[PDB]
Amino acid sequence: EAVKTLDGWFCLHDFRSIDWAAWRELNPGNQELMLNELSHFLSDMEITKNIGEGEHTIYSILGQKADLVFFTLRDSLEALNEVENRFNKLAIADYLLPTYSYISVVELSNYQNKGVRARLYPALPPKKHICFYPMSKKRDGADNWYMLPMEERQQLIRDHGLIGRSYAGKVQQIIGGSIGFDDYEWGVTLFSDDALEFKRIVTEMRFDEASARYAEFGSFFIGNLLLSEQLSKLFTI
C-alpha cells in the first residue's frame, strides 16, 4: 500500500529575525568584525557547493516571521548538524534570533540516472523569490489519504502532477520529505522570478482533489534573493 521513496540531500531551512535593537547598540567596528566572520563562513560553504558536496542559499523574508532564511543542503545529518552548530557559534548569530526551522530530505516518490541525481542533489536556481511551507496529508474522517487504495492515490497524484508541469519554466520546486524528521510530512520550497506565480500555482493546486480534500498546510514564508551586496545592505544601519 505504502509509498516508497528515493532520498537525497538532507535539508535545513533556518529562519532568523535580526535583533535590531541589540545590533544597533554594537559599535560599528564590532559589526564589521562579525560580518567579516560571517563572510568567511559563507565562503567556506561556497567551497562545499563548488565541489558538489552540498548547496545553500539565503533569502530575505517579508513580514515579522523572519528577516532571513538560510537554506542549507548536505549529504548527511552529521554534516548538516555541523553547519548548524558552527553557524550558531558565529558572533553574529547572537543577533540572529531563531524563529522557525525545518528539517527534511529531498524526496522522489515512486507514484545514477543523471535525471534523478539532478532531482536528488538539486542545484539551487538563483531566482528572485522563494516560497516555503510545510504540509501533511489529512487523516480526518472520510478525508483520509492514508486509508485510500494505492490506485486511487496514484490517480490523485497524477492529476496533481499535470498542474505542476504546466508551471515548468515559471516555478522550480524542491520537495523535502519529513516523516520521521519534523512536524509535518513534507517541506515545500518554490523558486520563481515572479512571486505571483507562487500564488497562482498554490491556488490552482488547492482546487485539485489531492490538495482540496487531503492537504494540511503550515505557515508560509516568502522572500527575496540575498547575494552579498544585499546582505551587507541588510545589516547596515
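When you see a residue number, it is the position in the sequence shown, counting from 1.
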What about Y100, left without coordinates in a third or more of the other entries of this protein that model its neighbours? no
In at least a third of the other entries we lined up, does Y111 end up with no coordinates? yes
Deposited residues absent from the coordinates between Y111 and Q112, none, 1 to 3, 4 to 9, or 10 or more? 10 or more
Would you determine, from the values in the PDB entry, which of 179 to 187 and 37 to 45 has the greater average C-alpha temperature factor? 37 to 45
Comparing 166 to 174 with 55 to 63, which stretch shows the greater average C-alpha B-factor in the deposited entry? 166 to 174
Options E152, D143, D94, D75 - largest CA temperature factor per the record: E152
Binned into thirds over the chain's modelled residues, the C-alpha B-factor of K137 lands in the lowest
Lowest, middle or highest third: where is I18 by Cα B-factor in its chain? lowest
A215 - which third its CA temperature factor falls in, relative to the rest of the chain: lowest
Going by the entry, which third of its chain does the Cα temperature factor of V105 land in? lowest
Considering every modelled residue of the chain and its Cα B-factor in the PDB entry, is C131 in the lowest, middle or highest third? lowest
